[PDB]
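Single chain ahead, written as C-alpha cells, the form deposited in one PDB entry.
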C-alpha cells in the first residue's frame, strides 16, 4: 500500500493506454468517490526533479499539521517515494495511490489527488503525444505545476500554448476560462540577484519574461497564474540518482524555499477544488471526465505538430515558387488576356515554354533551404501550376 500508480501511458505505437480499473480502485472507492476533489499535478520532462519534489509533497501531506514535516535535519529523507528502481523514461500520468482527506478552513472535508505528469519532447514524433498528455493532465487538474529547469525557454512556452490548444479542442467552451491554476516552477534558478527565490521573485521574473511576445493568451486559459523560483539543491542531490543523504547535505536555501513552496501549494486553505464549467467536481466526476476526454482524443484527430525548421523551409521554397509563378503570369497576360486576345494556338505554346523556362531558371537560381531533393518537390509544384495557368489558352 501507498505508492505511485500508472494511470495513463503512451506506448511505442503511439497508442494512449488508460488503466480504468486501477483508476477505479483508488478514485471510485466509497470513501473518496463522493468528496469534492482537489487534483495537484506536477508536469514536465523526464529527469527534471519532479519525483524529488513530490516526495517532499508526501512528507508534508503525511505529516501535514505539525512538526518539521520536512523532517529531521540529520536523518535521511525517509518514507514513501515516487522514485522507483531503474527509471524508464515514459510519457503519461501517474497518481499517488492514497488519496488524502483533509479539512479546509471553512470546515469542508476534501479529497487530495497528486499526479505526476510526464512527457518527452525528443522529436516531432513524441511531441504530439506529450502535448496530448499535458492537455489531459491540465483539464483534469486543479493546479498544474509546470516544472521547468533553468529558465522559461521559448520551447516551454511554445509547448505550453500547444497543449493548451489541445485542451480547448476537447472542451465545450463557455465564457469561463478553460483551466484553473497554473504555476511556473523554475528549478535551479541561479540569478537570485536579478530575481529573488520564491513567489515574489517569480511574479516579477514571469512578468518580464512574458513581455517578449511581439501573446500572453496563456492568461486567456487560466484563472490563476503564478511563478515560484527554486534554487539548485546542490551537487549531491543533482548528480546522485536516488539521493539517500541527510537533509543537512542539501543546500540550505533550497530547503528553506521548499519549506515555503510545499505549503504554498498544499496548505489546507491554498488547497483549491477542481471544477469544470463553473461546477465543483467530485472524484467520481473526475474519473468519468478523464475518461470522457480520453475517449474523444481517440476518435477525432490531433493536429500533428509542424516544427520551426520544416515550416521555415516550406515558406522559403513557396516564396520562390510564387515569385516565379508571378513573373510568369504577368508576362503571359501582357500578351494573352483582355483586349489582346489575338488567338494563335501556336506561339501561344512558344511564349509559354519560353516564359515557363525563364521562371524555372528564376526559381532554381534562387538561394533556398532544404536542398535539391527537397526543393525539387517545389519545382514540380511550380510546374504543374503554371500549366494550370496554361489553361489560360481558352479562345
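Positions refer to the first chain, counted from 1. Just so we're on the same page, rigid core means the largest C-alpha set that superposes within 1.5 Å between forms.
Below, we refer to the form deposited in another entry, which is not included among the displayed structures.
- Here the rigid core is superposed between the shown form and the other one, and of 196, 103, 223, 81 the C-alpha of 81 is the only one to shift by 2 Å or more.
- Core-superposed comparison between the shown form and the other one: the Cα of residue 305 travels 2 Å or more.
- Once the cores line up, the CA of residue 240 ends up 2 angstroms or more apart between the shown form and the other one.
- When the rigid core is held fixed, the Cα atom of residue 90 travels 2 angstroms or more between the shown form and the other one.
- Pairwise change in the other entry: residue 268 and residue 82 C-alpha atoms lie farther apart than in the shown form, at least 3 Å.
- Compared with the form shown here, the C-alpha atoms of residue 230 and residue 88 sit at least 3 Å closer together in the other entry.
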